Amino acid sequence: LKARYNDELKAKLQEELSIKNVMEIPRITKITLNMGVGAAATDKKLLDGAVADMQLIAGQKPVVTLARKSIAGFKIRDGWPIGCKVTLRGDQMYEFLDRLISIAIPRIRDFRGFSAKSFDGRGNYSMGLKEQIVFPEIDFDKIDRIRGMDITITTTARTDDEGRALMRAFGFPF
Amino acid sequence: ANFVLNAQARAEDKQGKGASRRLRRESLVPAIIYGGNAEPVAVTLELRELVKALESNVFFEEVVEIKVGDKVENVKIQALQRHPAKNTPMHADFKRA
Amino acid sequence: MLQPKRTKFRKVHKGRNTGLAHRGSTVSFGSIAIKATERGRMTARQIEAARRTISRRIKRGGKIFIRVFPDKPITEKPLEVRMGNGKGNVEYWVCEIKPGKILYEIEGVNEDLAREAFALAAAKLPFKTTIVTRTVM
Amino acid sequence: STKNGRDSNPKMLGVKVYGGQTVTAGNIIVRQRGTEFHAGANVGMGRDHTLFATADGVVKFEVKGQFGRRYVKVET
Amino acid sequence: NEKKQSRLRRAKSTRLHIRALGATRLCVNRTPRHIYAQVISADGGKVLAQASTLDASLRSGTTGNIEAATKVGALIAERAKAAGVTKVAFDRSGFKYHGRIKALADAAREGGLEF
RNA sequence: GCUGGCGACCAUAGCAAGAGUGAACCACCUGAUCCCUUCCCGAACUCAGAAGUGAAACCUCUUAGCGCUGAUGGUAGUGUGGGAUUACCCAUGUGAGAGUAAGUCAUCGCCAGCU
RNA sequence: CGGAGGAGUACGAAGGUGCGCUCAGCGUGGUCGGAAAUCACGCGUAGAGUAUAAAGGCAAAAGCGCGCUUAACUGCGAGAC
């Protein structure tokens, strides 16, 4: 996107939401991708498979996430790997955003999963997408156990309405 | 007007712990008067007069008059100290009204 | 038998009972109250007995506020034991009473009945008491 | 039989030189388990939080700083 | 806003150590547009020499890169030699010792201050 | 009279709410070619620059809203001599804490720019 | 022979230095995932931590990471407790 956003959506959203100054036009700052792969301690291979998955889906190297505090109810320890996370900004973030919105959403069997709600009350949106499939990589064959992704778009928008407006302008279904 | 208390000046040699105890042994009550635009004034009151005034309910909400000779003050009751076991009043505060 | 649910320590020093009760000497919850005039100790059984007498007399027509709690443990030796060999065992709990401390308050009854109940209760206590009523200041 | 009956030897902590006294370099000013007093000018701190004078002069206590710490210093 | 707070937090330790040591300080400041350098006495409340790219001789240039910082360092060195200060402690004020500030420090060192 | 830096001081100086400032300075701001950088990300650090904005931020102003400061008088305690033993009284010296009246939206120093 | 607790160890890094970073709690949303795993954003706030008992301490953090290393050196030592 990038240039397309800068050309159209800036002025379009400015006149749509009636904002006086340019500096507070809503923008997207970062996108975070997470796989909370619990109980990786037993297998030690699903986690490194997940990091590979992240590497193919987004052209950035993942960083494994260590546990904070130990809980008896679960089996996690003080500081051992229990997850993986990635952050995307700049042109790579616009890329991932477009190649996700245009392609992945029609692919999945169900539809209308993402409601116009679920903003955190300050203009940032969170979604969960199931199955590493529907992404530009190999299908159920040549992959390890299936996995799910959490996608968070963090915006400069102050209110949920302004966040919704920015997302629908790009083409978020709801 | 309706409530009037006759008082005498309480001097520095009449202030303190032992002096106050001697005054109460003589059946008197120490009081202080403070308020806007004037310095505090220390006075002595009669125990029977104070008890009689406190028995009435209008004493706590009406302007009272304290007369030390020629000097006259119009004040409201502000704070009162009582003995923990005998309930006898021990010291009084008066805010200028 | 009032007693703390748990304590930080089990045994405490004897101490000394001195001074007056400047705190807890004003009628706050009800309209009429009974307060101590000389110092002493009050046990949980004494508290229970006085409460039972007051409640029985007033027939539970008003509300009784108890303002003393026995948070001090007292120990004793097992009997026929020589001096030394450690501190004794906790037997009962007491509250220290200073002159001017209010023990019971009653809300919602006539003064004649409240005074008669307080007179009934005062015969169960190991120190002298008196009756007070609420006042503006 | 009691399970109590132990205690440790005394340690002799506290202030050794008070305000207004003259010192020579090396004199110990405060013995302390933690840092109740902090080192000001011409005062050094040992590995066990002892405060000592590093120059001749007169001892002076004060309260200073944004945290309200107690300082001791030596004026030459 | 945590940017400036983090910078001051980073500068605190070096400033306190210099104050405890009791030496003359050479302090620098850097913005996207300008760079500044002042020499401060031991007490910390008086300045002896100063230099910046706001100087009339230098304000006409680009003012925001290594080349300007070089002459800023030369100027502060030559002005401090006039005041008679020789030994100083460099205070980077929470910045990294890299790029423009490193150039300014090298220029002052060639100017004659030893540190 | 404004702006920046460095100190004295550490709430009577702080928080909170509301309102202003772009000439200069500062701040966001452009992109990432070289220096440099992230257990990933030009988000921070760094470099090369002025097309935009004072929106945010930082400063300045107003408010007693929260907080903070705080008398006088009295009470508790207490050294010495005397009188008594549920821990008080007298002579003499000393004197809180809590609470009340009231106060407060700081005050100074060195240097450099702009009027 | 009063009332309560600990020790008879550990560590070549858990030592040195340069540079860098702040805890805990609650609330929102977000797959399995919930009372409580990880992600993002807020609110008030030292209640976290410090190999180990308690106490005195801890923002230049004495708490937490990374690179390089052996000052866990030799001869001493004014002056003090």
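Order of the sequence lines sets the chain letters (A, B, ...), proteins ahead of strands, with each chain counted from 1.
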*Determine, stepwise, if the pair A/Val63 / A/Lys85 fulfils side chain to side chain contact (heavy atoms under 4.5 Å, CB included).*
CA-CA 6 Å; A/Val63 289; A/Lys85 56 157 298 187; 4.1 Å; yes

*Would you please say whether a donor-acceptor pair under 3.5 Å links the side chains of C/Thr26 and C/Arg134?*
no

*For residues 71-81 of chain A, which residue pairs qualify under side chain to side chain donor-acceptor pair (under 3.5 Å), counting only residues two or more places apart or in two chains?*
none

*So, the side chain of D/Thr50 versus the backbone of D/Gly46: is there a donor-acceptor pair under 3.5 Å, distance only?*
no

*Tell me yes or no: between the side chains of E/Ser41 and E/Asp43, is some donor less than 3.5 Å from an acceptor?*
yes

_Spatial distance of atom CG (C/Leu120) from atom CZ (C/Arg52) [nearest 0.5 Å]_ = 14.5 Å

*asked:* So which atom in B/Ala7 and which in B/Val43 form the shortest heavy-atom distance, rounded to 0.1 Å?
replied: CB-CB, 4.2 Å

*Kindly state each residue pair satisfying salt bridge (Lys or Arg N to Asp or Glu O under 4.0 Å) with at least one member in residues 109-120 of chain C, sequence neighbours excluded.*
C/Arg57-C/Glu116, C/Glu111-C/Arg115

*So how far is it from C/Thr129 OG1 to C/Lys124 NZ, rounded to the nearest 0.5 Å?*
13.5 Å

_Minimum side-chain heavy-atom gap B/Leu28-B/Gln8 below 4.5 Å_ = yes

_Quick check: do C/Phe118 and C/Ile54 have side-chain heavy atoms less than 4.5 Å from each other?_
yes

*From CA spacing to verdict: side chain to side chain contact (heavy atoms under 4.5 Å, CB included), C/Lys35, C/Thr130*: CA-CA 6 Å; C/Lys35 70 150 77 152; C/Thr130 189; 3.6 Å; yes

*Quick one: which residue pairs count as a salt bridge (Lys or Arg N to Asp or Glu O under 4.0 Å) with a foot in residues 69-94 of chain C, not counting sequence neighbours?*
none

*Close side-chain approach of C/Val27 and C/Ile32, heavy atoms under 4.5 Å*: no

_Using a 6.0 Å cut-off, check whether atom NZ of C/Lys11 has over 12 heavy atoms from anything other than its own residue._
yes

_I'd like to know if the side chain of C/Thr43 and the backbone of C/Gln46 have a donor-acceptor N/O pair within less than 3.5 Å._
yes

*What distance do D/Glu75 atom CD and D/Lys60 atom NZ have between them, rounded to the nearest 0.5 Å?*
6.5 Å

_Considering all heavy atoms, the nearest C/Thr53-C/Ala121 contact_ = CG2-N, 4.3 Å

*ring pair (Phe, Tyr, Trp, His ring centres under 6.0 Å) contacts touching residues 4-62 of chain C (sequence neighbours left out)*: C/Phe29-C/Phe65

*So which heavy atom on A/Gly79 is nearest to which on A/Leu66, and how close?*
O-CB, 3.3 Å

_Within the structure provided, determine whether C/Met1 and C/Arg45 are in side-chain contact (heavy-atom separation under 4.5 Å)._
yes

*Assess whether atom NZ of A/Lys44 is packed by more than 12 heavy atoms of other residues, nucleotides or ligands within 6.0 Å.*
yes

*Looking only at heavy atoms, which two atoms of E/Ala11 and E/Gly94 are closest? And how far apart?*
CB-N, 3.5 Å

*Are any non-hydrogen side-chain atoms of C/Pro4 and C/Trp93 less than 4.5 angstrom apart?*
yes

*Any ion pair linking C/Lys98 and C/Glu96 (charged N to carboxylate O, less than 4.0 Å)?*
no

*Given side chains that start at C-beta, do those of C/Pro73 and C/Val12 come closer than 4.5 Å, heavy atoms only?*
yes

*asked:* Can you tell me how far apart OG (C/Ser28) and CD (C/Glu105) are? Round to the nearest 0.5 Å.
replied: 6.0 Å

*Atom CE in B/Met90, atom CG in B/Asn87: separation rounded to 0.5 Å?*
12.0 Å

_Where A/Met35 and A/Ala50 come nearest, the two heavy atoms and their spacing_ = CE-O, 3.2 Å

*Under the side chain to side chain donor-acceptor pair (under 3.5 Å) rule, what pairs show up with a residue in residues 23-52 of chain B, not counting sequence neighbours?*
B/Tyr34-B/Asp93

*For C/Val68, what residues pass the side-chain contact (heavy atoms from CB on, under 4.5 Å) criterion, not counting sequence neighbours?*
C/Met42, C/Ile47, C/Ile66, C/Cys95, C/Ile97, C/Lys101, C/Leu103

_Going by salt bridge (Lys or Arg N to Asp or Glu O under 4.0 Å), name the pairs with one or both residues in residues 66-85 of chain B, residues two or more places apart or in two chains._
B/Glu73-B/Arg96

*With B/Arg21 via salt bridge (charged side-chain N to carboxylate O under 4.0 Å, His left out) - residues at least two apart*: none

*How about D/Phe61 and D/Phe37: are their ring centroids closer than 6.0 Å?*
yes

*asked:* Taking B/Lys95's backbone N and O only, do any of them form a donor-acceptor pair with B/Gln78's side chain (distance below 3.5 Å, no angle check)?
replied: no

_Are B/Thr88 and B/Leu47 packed together at the side-chain level, in the sense that at least one heavy-atom pair is separated by less than 4.5 angstrom?_
yes

*asked:* As a quick check of understanding, evaluate side chain to side chain contact (heavy atoms under 4.5 Å, CB included) for C/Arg39 and C/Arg41, giving each step before the final call.
replied: CA-CA 7 Å; C/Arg39 84 185 66 253; C/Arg41 272 171 179 184; over 6 Å; no

*Excluding sequence neighbours, so at least two apart, what forms salt bridge (charged side-chain N to carboxylate O under 4.0 Å, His left out) with D/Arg31?*
D/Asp48

*asked:* Once rounded to the nearest 0.5 Å, what's the spacing between atom CZ of B/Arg22 and atom NZ of B/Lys14?
replied: 9.0 Å

_For a 4.5 angstrom cut-off between non-hydrogen side-chain atoms, does D/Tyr71 reach D/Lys73?_
no

*Of all the heavy-atom pairs spanning D/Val74 and D/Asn42, show the shortest one and how long it is.*
O-OD1, 3.4 Å

*Please check if the side chain of C/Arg10 supplies one atom and the backbone of C/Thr7 the other of a donor-acceptor pair under 3.5 Å.*
no

*Are the side chain of A/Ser70 and the backbone of A/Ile76 linked by a donor-acceptor contact shorter than 3.5 Å?*
yes

*For C/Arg51, which residues count as a salt bridge (charged side-chain N to carboxylate O under 4.0 Å, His left out) partner, sequence neighbours excluded?*
C/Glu48

*So which pairs with a foot in residues 48-96 of chain B pass ring pair (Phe, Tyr, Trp, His ring centres under 6.0 Å), sequence neighbours left out?*
B/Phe3-B/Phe59

*For E/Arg92, check salt bridge (charged side-chain N to carboxylate O under 4.0 Å, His left out) against everything at least two apart and list the hits.*
none

*Starting from the C-alpha separation in whole Å, work towards a yes-or-no answer on side chain to side chain contact (heavy atoms under 4.5 Å, CB included) for C/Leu113 and C/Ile106.*
CA-CA 10 Å; C/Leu113 197 61; C/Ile106 305 179; over 6 Å; no

